[PDB]
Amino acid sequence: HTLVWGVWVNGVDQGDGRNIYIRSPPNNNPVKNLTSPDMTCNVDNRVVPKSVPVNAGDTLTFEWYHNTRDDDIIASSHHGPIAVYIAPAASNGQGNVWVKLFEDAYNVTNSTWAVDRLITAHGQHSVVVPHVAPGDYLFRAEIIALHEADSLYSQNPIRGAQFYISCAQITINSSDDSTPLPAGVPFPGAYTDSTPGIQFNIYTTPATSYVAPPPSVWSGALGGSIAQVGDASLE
């Protein structure tokens, strides 16, 4: 159970974005139905009034929280991966348009899932803005909590993988468009019951065996990290 408070750009807080530049749902409940339109941008997908200006090569940091800013972020039980996708805003998230910019599942060295490190990072994880065409974009941050993913929602609707999905409206201003955006996957649609990483038992299968759901990260992506970039408490 977690939500996005807002974003930072190059280490500078852009301010509370909830229902402003984040298409925020009314609460922190998970999405579980893989075929629902809720998979796109969660349960209240609509245009919100602001879009955060960035340039290619900037660091864009999502900041998550549980109940209040910079709290326990997400329950520690919710071990799982984190991805970020991008699509042009014109799509409204419909069609084959989502391109993966970031994937982090399990860190063998550190013996931690992406979620574990997200908590340690005070909810902060980042991508570097790619050299796509200037214009308006949706950045879809997705946490998959796997604590009940031994079952499939489609089979048992009281269990299943949980998806915490947040779409940020981002305007890319300066960019030479040297890596124009390739084709995307659909949400809903990309994840099905057979997809690797959707059904998995984190308790009896080694985390080292986990494979996150495709698609693979676009070769045009400039990477990213799960790490605190800014101290919210200093505001």
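When you see a residue number, it is the position in the sequence shown, counting from 1.
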Query raised in the report: If you average the Cα B factors in the entry, which is higher, 53-61 or 184-192?
Result: 184-192
Query raised in the report: Taking only the CA atoms, which stretch has the higher mean B-factor in the record, 37-45 or 194-202?
Result: 194-202
Report summary line: From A83, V108, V128, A161, the top C-alpha temperature factor is at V108
Query - Member of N19, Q14, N10, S219 with the greatest C-alpha B factor (per the PDB record) - result: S219
Query - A133 - Cα temperature factor, lowest/middle/highest third of chain - result: highest
**Report entry** Relative C-alpha B-factor of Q228, binned into the chain's lowest, middle or highest third
**Finding:** middle
Query raised in the report: Going by what the PDB entry lists, where does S209 fall on CA B-factor within its chain: lowest, middle or highest third?
Result: highest
Report summary line: Chain-relative C-alpha B factor for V97 (record values, thirds): the highest
**Report entry** Lowest, middle or highest third - CA B-factor, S76
**Finding:** highest
